[PDB]
Amino acid sequence: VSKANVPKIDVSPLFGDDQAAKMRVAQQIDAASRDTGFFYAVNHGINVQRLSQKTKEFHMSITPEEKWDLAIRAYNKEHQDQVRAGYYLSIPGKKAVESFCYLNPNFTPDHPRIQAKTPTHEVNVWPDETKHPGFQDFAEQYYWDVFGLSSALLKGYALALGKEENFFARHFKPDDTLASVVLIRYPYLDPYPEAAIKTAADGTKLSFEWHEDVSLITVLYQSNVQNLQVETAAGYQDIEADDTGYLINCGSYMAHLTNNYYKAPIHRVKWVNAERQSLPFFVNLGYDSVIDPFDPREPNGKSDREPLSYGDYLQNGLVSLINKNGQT
Ligand SMILES: CC1(C)S[C@@H]2[C@H](NC(=O)CCC[C@H](N)C(=O)O)C(=O)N2[C@H]1C(=O)O
Ligand SMILES: [Fe+3]
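Each residue of the sequence shown is one higher than the one before, starting from 0 at the first, in our numbering.
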């Protein structure tokens with residue numbers, strides 16, 4: 000098993016006004032997106048140590064009672080409005096992973112998409128403030144911190160594709176973004192149940208089988224335990240861990256709109272018996288967002304691919320990933 004080339008890219012110019020320096024970042028994004036599909040964003044300005052510490056405190060103090068109270072409908076039939084946001088329970092002896100997903104904090108009963116009951120929009124559910132002091136405040140602020148990083152990364156991606164820097168980011172707005180944060184706990188277990196370990200075709204023991212991300216891009220923090228692998232023509236390659244940076248990759252919406260020029264890399268999760276964290280931010284656009292596809296390989300840039308509304312893409316995509324990879 001070889002090692003994936005995952006370059007560290009200083010993205011700090013994307014927050015500034017030095018346009019040539021932005022173009023040099025964009026070139027690095029282009030190169031990584033055309034190679035393995037992954038890079039590490041460094042000098043991102045987010046306190047990822049606090050993120051890991053607050054997430055750990057939550058994961059390790061939430062009780063079985065609180066997990067039922069917050070559970071998505073896959074685990075609690077009383078919560079039919081919770082398809083996305085809420086707690087995803089572990090099943091001791093069967094399913095090791097557990098997680099907590101939340102959406103746009105601006106999705107409230109006042110929001111017209113909530114009033115209209117549009118699919119993929121939900122009001123976040125939260126534990127008791129007194130039992131989890133500061134957790135909701137931290138989690139909402141983290142959403143906006145990583146939103147700000149993601150907006151800048153989208154400027155880099157736009158420039159990399161020869162577009163104006165707001166080509167993607169203009170569709171990424173606090174008032175309607177369908178972006179999500181997921182706080183995933185992968186536990187240490189002794190004994191680790193074999194029922195929670197899948198075996199790949201090539202013999203590798205996995206926690207999560209191959210998939211493409213349902214996103215425009217994915218902005219991922221992981222603790223310092225190597226686990227991820229990216230598929231290449233020569234087979235799967237290990238992505239080295241870095242708990243100070245963000246692992247960035249394109250999702251299938253980006254592959255669609257670039258005519259596969261920037262592929263959505265196929266990746267999977269090796270089984271590792273180690274307590275660790277996987278904290279993705281899925282950069283999703285608004286429900287009605289449509290980006291006209293193009294092909295940077297053709298002089299005219301023309302693509303035959305149909306424009307796709309993001310909301311319908313996201314609804315279809317999240318159902319599909321459950322069916323193939325299983326309920327997480
Ligand atoms: C490889 C990943 C980072 S991505 C992969 C997998 N992804 C998902 O389940 C999509 C979650 C979507 C979310 N509930 C929403 O409504 O927006 C997961 O979890 N996996 C992570 C993992 O196992 O670390
Ligand atoms: Fe993924």
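For each residue, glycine too, the CB sits at the ideal point set by N, CA and C.
Query: Go ahead and pull the three-state DSSP assignment for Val289.; Result: strand
Query: At a cut-off of 8 Å, is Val24 close to ligand 1 when judged by its beta-carbon and the heavy atoms of the ligand?; Result: no
Query: Let me know the secondary structure DSSP gives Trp270 once reduced to three states.; Result: coil
Query: Return no unless some Cβ of chain D is closer than 9 Å to the Cβ of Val0.; Result: This model lacks chain D altogether; it includes just one protein chain.
Query: Could you tell me the boundaries of the alpha helix (DSSP H) in which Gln114 lies?; Result: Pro111 to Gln114
Query: Sorry if obvious, but does the Cβ on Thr231 come closer than 8 Å to a heavy atom of ligand 2?; Result: no
Query: By how many angstroms is the C-alpha of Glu64 removed from the C-alpha of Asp109?; Result: 29 Å
Query: Select from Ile321, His255 and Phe14 the residue whose C-alpha is nearest the C-alpha of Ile290.; Result: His255
Query: Would you check if the distance between the CB atom of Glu121 and the CB atom of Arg83 is smaller than 9 Å?; Result: yes
Query: How is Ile8 classed by DSSP in three states: helix, strand or coil?; Result: strand
Query: Are there 16 or more other CB atoms within 10 angstroms of the CB of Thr257, so buried, or fewer, so exposed?; Result: buried
Query: Report yes if the CB atom of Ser277 is closer than 9 Å to the CB atom of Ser214, and no otherwise.; Result: no
Query: Would you report the Cα separation of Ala70 and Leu88, rounded to the nearest angstrom?; Result: 7 Å
Query: If you run the structure through DSSP and keep just helix, strand and coil, what is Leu88?; Result: coil
Query: When you measure from the CB of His210 to every non-hydrogen atom of ligand 1, does any distance come out below 8 Å?; Result: yes
Query: For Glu97, I'd like the list of residues in its chain whose CB is within less than 7 Å of its CB, leaving aside the five on either flank, ordered along the chain.; Result: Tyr87, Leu88, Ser89 and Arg184
Query: State the CB to CB distance for the pair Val180 and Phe280, rounded to an integer number of angstroms; the pair is presumed to be in contact (CB under 8 Å).; Result: 5 Å
Query: Helix, strand or coil for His78 per DSSP?; Result: coil
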